[PDB]
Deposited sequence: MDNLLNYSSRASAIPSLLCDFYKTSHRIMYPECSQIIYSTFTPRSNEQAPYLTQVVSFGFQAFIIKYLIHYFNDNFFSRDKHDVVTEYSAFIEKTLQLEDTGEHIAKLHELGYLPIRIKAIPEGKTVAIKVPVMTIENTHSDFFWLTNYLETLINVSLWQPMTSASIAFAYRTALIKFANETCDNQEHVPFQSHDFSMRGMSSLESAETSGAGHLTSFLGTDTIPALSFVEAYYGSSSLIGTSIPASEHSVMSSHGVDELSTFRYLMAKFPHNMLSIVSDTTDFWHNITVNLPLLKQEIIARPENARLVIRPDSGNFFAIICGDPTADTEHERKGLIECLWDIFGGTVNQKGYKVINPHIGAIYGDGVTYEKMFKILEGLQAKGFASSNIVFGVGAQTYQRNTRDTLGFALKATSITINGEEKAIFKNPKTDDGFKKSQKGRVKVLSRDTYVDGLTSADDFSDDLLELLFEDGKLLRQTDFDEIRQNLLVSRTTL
């Protein structure tokens, strides 16, 4: 959209250094490189059984169209080539005249053709999600030249999106046993991760990935990102006012006043109050009873949400048999049940008085979330009683090997002959969610391909919005 960052990365050198040397290492009369992008393995995260296609549109627009147009094709040819040549002389000591860079510049666009799975659709592990190839014989080198830029910018949004989807899967499973409806699920995983992401750019694409399965986020720039590259008719994401530790302790030690003060500031909004700044169980067992009348007086769409931020994840929410105190043996959810109202649903699980709520957002991971819900189900509490603030220990603590993303070349054309290069071999076609076929030539029939032409020769050929992406994911279930 209408803002801008100053950049240093040279468009024609947006790669691993060694890719500059590959053009002349290729056989003579090389014409076409065909490559595949694949989530090859989930042994490091077996709960990720579906890979959610997400991020391509943003990547195409930001880098392949805008970054190259703004900083390469728009600039003067002589300056761009002289910079490339000069770099290769200082760093490495060889004469590269950059004549291939100039030829590309004269072309005016990337002779690149990309097919990808529609965003919001999902595929099994080991199924290709993207293919790329060059469309002009002189630029065989360009396909793999772009390998570095492709997955430095795409593996994170898909891993985030696929993690979000797996969370929702677990949350729906629990709602089917403990809850009469699933109205709470779009809000049950709230993105907390921004401050712990490795950079703002990683915060936008990972946050955007979370928004494909959930409405709750604290990463405002992820909202702005989804709006700039995808768009939707309704609100992209939602959030609530919430206190932080500095706010609580700046009000001193009488937290009974601070609770009351903060609740007056947000009379008609949902409001989270971090409650462990001084003495958590004092807040829960002493001040919450004193506030009960004021709590239940607030409108239902303005519930007070209690946020612990310390102690063992399971014991705080579900309780510790190892005692000393019953409040510690019962845990937060049972304590709120004792204090405030509640009902029992058709499925037979306790639902807390909807005037009070609870959020745990302290290093939340998938197995911690799962254990907590298993804990609550065992005590007879509906899974809708807890919200999870999901942070960097979920969305930052990944690598390209979480789902095993690799962009590997699988077919080459030399002197008019196409040969498979060595998983997959040759050109690929995706038949369903969990099956694909390879060993294909460019003459074969791709009519029934799930991979959809996306970008070719500088043009975005097919555009989606975030409403379509989210609908595609509903159907995926």
Item to check | Deposited residues absent from the coordinates (by C-alpha) | outcome: 1 to 4, 427 to 437, 493 to 495
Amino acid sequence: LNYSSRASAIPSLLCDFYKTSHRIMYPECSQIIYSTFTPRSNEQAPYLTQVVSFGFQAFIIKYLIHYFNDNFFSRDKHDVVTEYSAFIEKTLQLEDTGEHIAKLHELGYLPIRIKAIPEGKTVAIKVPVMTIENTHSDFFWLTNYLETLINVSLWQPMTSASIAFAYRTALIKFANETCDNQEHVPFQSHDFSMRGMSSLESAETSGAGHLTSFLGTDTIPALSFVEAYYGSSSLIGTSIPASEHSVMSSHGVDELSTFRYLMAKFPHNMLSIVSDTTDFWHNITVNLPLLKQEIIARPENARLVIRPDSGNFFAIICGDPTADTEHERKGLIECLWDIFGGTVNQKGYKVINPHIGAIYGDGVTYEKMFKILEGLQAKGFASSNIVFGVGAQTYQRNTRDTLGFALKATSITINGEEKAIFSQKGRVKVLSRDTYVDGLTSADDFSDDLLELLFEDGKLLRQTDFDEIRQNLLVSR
From here on, numbers count along this sequence of modelled residues.
Checklist entry - Can you tell me which stretch has the higher mean Cα B-factor, 242 to 250 or 100 to 108? => result 100 to 108
Checklist entry - Of the two stretches 328 to 336 and 153 to 161, which shows the higher Cα B-factor on average in the entry? => result 328 to 336
Item to check | Given 218, 362, 95, 133, the residue at which the Cα B factor reaches its maximum | outcome: 95
Item to check | From 188, 205, 398, 137, residue of greatest CA B-factor | outcome: 137
Item to check | residue 321 CA temperature factor, ranked by third within the chain | outcome: highest
Checklist entry - Among the modelled residues of its chain, does the C-alpha B-factor of residue 56 lie in the lowest, middle or highest third? => result lowest
Checklist entry - In terms of the CA temperature factor given in the entry, to which third of its chain does residue 141 belong: lowest, middle or highest? => result highest
Checklist outcome for this item: By the entry's values, the third containing the CA B factor of residue 446 is the highest
Checklist entry - With respect to C-alpha B-factor, does residue 350 fall in the lowest, middle or highest third of the chain as deposited? => result highest
